[PDB]
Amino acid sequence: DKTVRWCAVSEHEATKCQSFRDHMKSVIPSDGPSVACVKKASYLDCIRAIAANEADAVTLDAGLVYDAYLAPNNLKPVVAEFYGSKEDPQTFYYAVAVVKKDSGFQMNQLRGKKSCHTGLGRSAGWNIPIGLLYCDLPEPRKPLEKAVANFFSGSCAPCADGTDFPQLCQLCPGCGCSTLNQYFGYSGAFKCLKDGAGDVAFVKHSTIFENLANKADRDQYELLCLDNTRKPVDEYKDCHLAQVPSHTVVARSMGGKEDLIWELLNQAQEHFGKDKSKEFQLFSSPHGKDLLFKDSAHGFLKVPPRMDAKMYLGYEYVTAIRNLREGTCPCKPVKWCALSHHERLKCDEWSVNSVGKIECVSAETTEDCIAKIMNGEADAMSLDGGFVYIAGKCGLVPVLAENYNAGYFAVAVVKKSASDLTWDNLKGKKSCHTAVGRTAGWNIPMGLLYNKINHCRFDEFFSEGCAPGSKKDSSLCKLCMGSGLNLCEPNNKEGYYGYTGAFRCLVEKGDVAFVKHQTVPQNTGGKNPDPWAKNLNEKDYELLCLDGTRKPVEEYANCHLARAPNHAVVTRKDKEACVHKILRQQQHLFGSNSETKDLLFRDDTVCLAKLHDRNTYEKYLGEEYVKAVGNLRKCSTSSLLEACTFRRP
């Protein structure tokens, strides 16, 4: 058997699950998955049951998704309910802080204001705002209501203990926890702001649109962003307190059975989903409310496999609820993340030389590092421009740029003896790329190529090549050099990976190499002692210009594909100022006055440059870079980018 043991927290849910199980037997063959129904007393008991391998799946609210993640449960979200349109699936809501336009305060100025909450104990209206504000609350913070009552000068916190903490009901006397209170619920908390009772309303992103029809009235309101900035109310995706998943199915991190659960649920919706009008409806409960799933759901989406719980809830949500659960308050040391075995050792030397200012965490992949920076396990790392795009679309920001002397020049290099080649026709040639999705060796060359050919299936534009990161069966892996499972992989164990590796690929197999303007000079004329490069002469290679002509290697300024953005340090926005200081101070002490090659920082970097103007990824990379990368995503799967595109399309 291959059965999904579904968990029920009530006797009505168990009856739903049993009807579920029986109706599935009629639409799924013997080859497919079955339902079994485990009934426990509570969602926590279900979580412990799934972790103890006594059940397989349950669907939880976000707060319980957090509890399911913690040790020793270690559950992960696998399937998400969506709501509204099939064309526009709404999987998350946004907790926001609405304010009146031109009221003159930011998130870090909330103390002493007047607040409107949807209700004590609710997510958007209490748990998230108070969780994020927890360390700003006066001491003692137990009980929590007393601390909030001594933070906001007066509030409307429905369901709060107004007898003991009357400040919490100054704007709705009695703190009535019923719609009899005009300022209760999601509309009421907003009305508390509209009517002028309060200064800020902690609500969901859609309340403002549900209670104000005209946009003219909606331009009188703004949102507080966590960076102490405001934005308009329809920019909640860039100015919220937390992005919360509505209702998501969790499963064991190892031991699945994610594959089975999705197959079961996906076929369940195709047969008993919304508007299928069978005798059994998946999202209906003839007796009860929201049994197994929210009755308002319209279907299920499969959660991308890269996604863990901290990443799916988001950094701000996890921060807020962790503050509520544990209640621990203190630039700190900067946790730099490293990759290879050789790269972590350089960081250790840096850490002891920094005297505590720098610490070191490590991962196996750049994407694993990027993930650790999102959820707080790490703070900063230096990234290729293509990874800055990934990191930016995951909410990270560039802080400093590595300067090598505006940016460097991306070039296309050919062997001069082949005077046949020209930029105007490389169809059916042999290409050598640094890796897939990188600035010099992919995003700039293949971005330009997309405009002439109108697709990103470069496997059938070139004859063959080596572009590490491609699928191992691809023609763009046939010229690669790594052996075993190292063939075509984007790491050091593939000899044609990187700036120099791509050049070596041109020297030994390829017709054209896409690199940076320093590559060919750095590896010719005996400068590179390796046997493959020791006897090469820079004069034997030329650059392909956009003209259609060719020019010598040293004349890259007038024979360049484009100007490339240099590698940059990325971190999350709440650490931008701190990394900006500690690093620029470490740079003034260990700067322009690695053992292997290109460890932690590129080895041709003079200093880490101030940014100011270009402090976001679209501003740093540029309009045409992000536009080109947008086309190239149609043919390239970065599983980390797939997870971040699930939260922020």
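The first residue of the sequence shown is number 1, and the count goes up from there. For the two forms, the rigid core is made up of the largest set of C-alpha atoms that agree within 1.5 Å on superposition.
Put simply, when the other structures in 8 other deposited structures of this protein are lined up on the rigid core, the C-alpha atoms of 489 to 497 lie farther off than those of the other stretch, from 231 to 239 and 489 to 497. Between stretches 518 to 526 and 307 to 315, greater average Cα displacement in 8 other deposited structures of this protein relative to the shown form, fitted by the core, falls on 518 to 526. Unmodelled residues of the deposited sequence between neighbouring positions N405 and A406 number 10 or more.
Per the record, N593 and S594 are separated by 10 or more deposited residues that are missing from the model. Taking only CA atoms, the mean B-factor in the PDB entry is higher for 280 to 288 than for the other of 129 to 137 and 280 to 288. Comparing 27 to 35 with 576 to 584, the stretch with the higher mean C-alpha B-factor in the PDB entry is 576 to 584.
The entry assigns its greatest Cα B factor, within the set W350, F202, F105, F514, to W350. Set against one another, the Cα B-factors of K430, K551, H433, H240 in the record reach their highest point at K551. The entry lists a Cα temperature factor for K478 that places it in the middle third of the chain's modelled residues. For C172, the recorded CA temperature factor ranks within the lowest third of the chain's modelled residues. Remark: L640 belongs to the middle third of its chain, ranked by C-alpha B-factor as recorded. In this PDB entry, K493 carries a Cα temperature factor that places it within the middle third of its chain's modelled residues. Per the PDB record, residue ranking by Cα B-factor puts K472 in the highest third of the chain.
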